[PDB]
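Protein chains in written order, with the entry's author numbering: chain P, 5 to 199; chain J, 1 to 191; chain g, 2 to 110; chain B, 2 to 349; chain N, 2 to 140.
From the three backbone atoms N, C-alpha and C, an ideal C-beta is built for every residue, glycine too.
Worksheet for the structure shown next.
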RNA sequence: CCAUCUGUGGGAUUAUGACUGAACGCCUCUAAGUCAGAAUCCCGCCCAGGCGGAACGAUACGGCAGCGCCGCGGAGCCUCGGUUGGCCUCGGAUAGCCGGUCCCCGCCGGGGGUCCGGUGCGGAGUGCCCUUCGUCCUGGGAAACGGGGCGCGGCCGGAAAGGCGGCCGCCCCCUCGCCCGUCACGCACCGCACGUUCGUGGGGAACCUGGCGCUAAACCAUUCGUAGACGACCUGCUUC
RNA sequence: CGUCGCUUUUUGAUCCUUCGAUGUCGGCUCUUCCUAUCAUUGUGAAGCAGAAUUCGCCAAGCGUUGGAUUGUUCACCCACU
RNA sequence: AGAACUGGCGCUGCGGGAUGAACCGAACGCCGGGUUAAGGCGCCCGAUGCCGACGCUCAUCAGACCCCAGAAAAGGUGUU
Ligand SMILES: [Mg+2]
């Protein structure tokens, strides 16, 4: 139906190309928590070429023209758009299967999130080299919603502990229950063929 | 080149006990405790053996700028060992021409309120890094003493004073005025 | 009762870079993602099922709005589990990204 | 190419879309920061500028050449009858900005508030809030009305106050209340919200919001001048007399190769009626107006400690184009945005 | 931290490559990413496999530095690696991973009927432990 | 400017000076890790508010008509796409996962010793329903909650887009809602395609069809002049 | 004494474009951009005592005027800064 | 600007060089299947979604493919 990608620990370009192909193949993909997407090169380097991006400004009226987005959701959304044929109506419809969310909204906070090990910083960068966070190059460039998001993450993650705390309550119980066996006639055929 | 490992060790005396959570190191000693995280530096640490307490930092894989940081690790532990038993004391002295420097402390040995520097009206209030102590000397003219456990909180705070007494729009080769550091010592002596 | 066909999306037409070729389609059959493991699906009849507003069936007793375009899997296409298929008409290019329906019919297993 | 003689820009590009603004009542773009420790208080207030006079005050400024002398200052006076608090709005913050949580209005609302909710009060049956008043008195609608204050108290972080003006107390022919929505920047949100349930449909005077010599800001819509030419809209230099096709025009409206008229060039359009915010207007006096009939109402405005007369601030003959002031007023040093009889929101 | 190394004599599992799924004995590390290996009792002969091919196990063998096939053959079956490798929890998992791959359609039916049976049994039993857990907490 | 009034602060940092500190047993602003740093830069303040959204008010009688909500069955019209759902820790990576006695946070959470596992099997290469053709006879094992609901009543949880979820008491009811075994039946349509679900989908027009409600307002015309090229804009219009 | 480069604000060289026509000097007016920085911010260096200067760095935010002669661009002068 | 020798463009499409007169492949009746040249294979964009091999390099102006669309002398205890 729809896949949900957690975005932290991933690279900017390695994730957004895989989103750009999976969204051309008919799926509905939703990338959540695109605040902590890493991007290679140190922070002062990547903050330069975003400031160079901001002055690409049409001279005669900047109102029409290049729309510099600053939230790291639409930074990630604009990266996918440059890897799509958005001037065609097949490339328009590809963007409508992408819905990107910064932070974690309540339709998407209780789903299970997937990661892409192609795009992870742990996978793909050599560990002795420097990387930039997309959250604080957005915060350095006009994104005025870092504090109101990082408040709502710890309100979100505190509610997620008390779920997981009581989940491992539940599976301590059904593991203590399956000690009370009474069923080893059925345990023959699963251990025989990979329980 | 990618050499097989290098390793320095750091011996630990008895009153200080180093425990490590990971690449984070917790150093408890007599005169307090302090901790440093090295989660950027890609090396393993190993304290080995009861009753002798040896810390073994070694890097198995690596290049020449990755080999240069294995000594920087062990030389930061020995500033945590020395500073948690002896401490650090940066005595610094006021040098002045015609105008005497008036230096006082406002807030509990943390804020430093410098006035009459070079005859100027502008006070210069220096708030310090948390963990040092301000103290004007006794039995010495115009000497200021900073004391604490951690060297980088002592030394950076001793740099804020010397940087604040900076002569501007002048010849800096004459007009030698400033509160310069003069001695790098310890709080407890000779241990 | 249940699905007797494997899922596959119609990824595009066989093309160079500028010109494309309409007579051969190419597919991404799902679950198979290498050239070595696509040998099962060769020769399989595959179908594109769609809707209109007029009516036709062969077997169902009453004609419904469903109609179909048949076709078959020809060969493999590159190292990543793609597959090219040659239908009996050409796909309408409305079907880009939508599924097709790959049956199991002409079976050697 | 290199003009030979440097001049600066005519006009500011900071105010660029010289547009008829979409509002007659000035919008507060950004309210003052609110802290829990500081007492609980309103932040803005509505007033109607009446005209200007001047003044004579004893200056006290050590060092200057004016010190301990009399100075005249041009002052504007703004008649502000006390506001009536009507509704309470809470705002919870998102990562897409602030969002209105929900609103609770007063039990029985006034008649001139209801006149704001209609573009034709005469052709109407006046049916607004007739079904919303009945929920304050029907108890099923009431035990959930107190529920919407507890969810207000729990979630939303900044709350505001809907108030309006008493247009019955003014000589204008308008009678529609100007319904504003102003922010309470007091303590924590429970004391901030119990401070507004206590005073629904009750008056809030001006001296309770502002203070004497407490410097504020004026927000208004400018004097609308119409569709005026280049040399009046931007104050561009006129051409010499010999010029064919026109004197009062800008000559070169751009180069060749940008090949488009830039946004940064001066040309003709609507001058005036723009939204502007003044900064740092000092209050000189909070007067109170036209008290009791037990002995006498007492005019007694504009009677300072040296004047001691039965004066009142409305001048001899009444204000030009405004009327005759019977209410509480604020006087402010300097020019202030708007024609007379024009709403403008005073703000801390 | 770094609880198992390569070493002269370290028994390694070979994950991919031409010998995928067989143990080897590391004989000599040759240059930085390639190691001389053999398995005398597990049908893989002497060559240089790359290190990214192999998986380190936790069996060491005390044979000399770069001996012949014979002494490695002695040390493999003096230590009896093959019974110890079957009696480990990691080769049980690669045994279990191939039993699930060769599961026929009739067995997969029989697994299904015996899987959905015992998960009724626990769910009708784990509900009973919930039922007694509140019954402690109700007084 | 020929009169008068007002013009607003934060952050990361550039230059540069430094801190600890290796490489190079010393040294060193640097290689990892730090500090100060500015008419620049980004934001605030301010100007405009998106084929961008909220919150709230009011929702058409008259004389027959008319309109919402809920409960429905009955057909035809138009747009099609899918053929089982996973209902959630944080993260680390030269590291992590689980279970755990003891001293601390209004009968729950913070810690440490201890025991485990780990090319993760308390393994989304996975997990639960399930591949359920139905039913009847008919025994074993399993199980004493029953499980669907038009049920009625109740609670309390979830505001970042809450539009969802959990619990409880009564109830027409089931005591066949599983696994193995006994028995024989159903369209056995005579080898063949678009089958099988989500789905008593989405959107519109009407009619037989039960109950519950609801009885307005925009625009013109008129006036105002805080507004004006014209549109627009700000206003008035009660038998006092 | 050498010697290596950059720029297209000078002039040449060229003749690719326009001869069924691209209105040809300067001034006025107005906008924006470049830095190879005159001033202004923060700095480093002097044969920097101070004052004034000079050489360099980040740096184009902001300023860089009023006149006599002259068609002048340019030039030259008066005066302020 | 002017010669020589061979090819080309002009007369000539097609694949590749983003774009293109001449470059590199290659020449054309209308089609189906097969295969390749030059070129390529993160995603636009067909094909590396190979458990590719070995090294080199960190840039506060990185670099990146004939013709071809930007640079030198000199210098660097930056690494090899
Ligand atoms: Mg605002």
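Query: Taking Cβ positions only, does residue 99 of chain g come closer than 8 Å to chain P?; Result: yes
Query: Alpha carbons only, please: which of B/195, B/304, B/124 is nearest the one belonging to residue 151 of chain B?; Result: B/195
Query: Which residues end up in the neighbourhood of ligand 1 when you take C-beta atoms closer than 5 Å to any of its heavy atoms?; Result: B/30, B/31
Query: Just checking: is the beta-carbon of residue 77 of chain g within a distance shorter than 8 Å of some beta-carbon in chain P?; Result: no
Query: Would you mind sorting residue 16 of chain P into buried or exposed? The rule is 16 or more other CB atoms within 10 Å of its CB.; Result: buried
Query: Is it true that the CB of residue 42 of chain P sits closer than 8 Å to the CB of residue 13 of chain P?; Result: yes
Query: Roughly how many whole angstroms lie between the Cα atoms of residue 28 of chain J and residue 16 of chain J?; Result: 6 Å
Query: Going straight from the alpha carbon of residue 60 of chain J to that of residue 68 of chain J, what length do you get?; Result: 13 Å
Query: In whole angstroms, what separates the C-alpha of residue 170 of chain J from that of residue 73 of chain J?; Result: 41 Å
Query: Would you kindly check if the distance between the Cβ of residue 92 of chain J and the Cβ of residue 110 of chain J is under 8 Å?; Result: no
Query: Check distances from the C-beta atoms of the segment 14-31 of chain g to those of chain P and list, in chain order, the residues that come in under 8 Å.; Result: 29
Query: Between residue 163 of chain B and residue 92 of chain B, how many whole angstroms is the CB-CB distance? I'm expecting something under 8 Å.; Result: That belief does not hold up - the Cβ atoms of residue 163 of chain B and residue 92 of chain B are roughly 13 Å apart, past 8 Å.
Query: Rounded to whole angstroms, what's the CA-CA distance from residue 239 of chain B to residue 305 of chain B? Just pull it up for me.; Result: 49 Å
Query: Please give the ranges of any beta strand (DSSP E) in the segment 34-63 of chain B, keeping only runs that are unbroken, at least 3 residues long and fully inside the region.; Result: 45-55
Query: Is the Cβ of residue 59 of chain N closer than 8 Å to any Cβ of chain P?; Result: no
Query: Less than 8 Å between C-beta atoms, sequence neighbours within five positions excluded: which residues of the same chain meet that for residue 74 of chain N?; Result: 41, 42
Query: In whole angstroms, what separates the C-alpha of residue 125 of chain J from that of residue 183 of chain J?; Result: 23 Å
Query: If we ignore side chains and look at the alpha-carbon of each, how far apart do residue 289 of chain B and residue 247 of chain B end up?; Result: 55 Å
Query: Which chain P residues sit within Cβ distance under 7 Å of residue 10 of chain g?; Result: 29, 30
Query: Taking buried to mean at least 16 other C-beta atoms within 10 Å of its own C-beta, is residue 189 of chain B buried or exposed?; Result: exposed
Query: Leaving aside the five residues before and after residue 144 of chain P along the sequence, list all residues of the same chain whose C-beta is less than 7 Å from its C-beta, in chain order.; Result: 51
Query: For residue 83 of chain P, count neighbouring C-beta atoms within 10 Å of its own C-beta (all shown protein chains included) and say buried if the count is 16 or more, exposed if not.; Result: buried
Query: What are the boundary residues of the alpha helix (DSSP H) that residue 74 of chain J is part of?; Result: 69-85
Query: Under DSSP, the alpha helix (DSSP H) around residue 191 of chain P begins and ends at which residues?; Result: 188-196
Query: Residue 279 of chain B and residue 344 of chain B - do their beta-carbons sit closer together than 8 Å?; Result: no
Query: Report the residue from N/16, N/28, N/20 whose alpha carbon sits nearest the alpha carbon of residue 72 of chain N.; Result: N/28
Query: Candidates P/173, P/46, P/124: which alpha carbon is nearest residue 18 of chain P's?; Result: P/124
Query: Which one of N/20, N/14, N/3, N/47 has the shortest CA to CA distance from residue 55 of chain N?; Result: N/14
Query: If we cut at 8 Å on Cβ distances, does residue 39 of chain N have a partner in chain P?; Result: no
Query: Who pairs with residue 77 of chain B in a beta bridge, going by DSSP?; Result: B/53, B/333
Query: To the nearest angstrom, how far is it from the Cα of residue 341 of chain B to the Cα of residue 78 of chain B?; Result: 10 Å
Query: Pick from B/125, B/214, B/89, B/101: whose alpha carbon is nearest that of residue 281 of chain B?; Result: B/214
Query: Have a look at P/108, P/39, P/134 and flag the residue whose alpha-carbon is nearest the alpha-carbon of residue 48 of chain P.; Result: P/134
Query: At a Cβ threshold of 8 Å, is residue 98 of chain N touching chain P?; Result: yes
Query: State yes or no: is the beta carbon of residue 94 of chain B nearer than 8 Å to at least one beta carbon in chain P?; Result: yes
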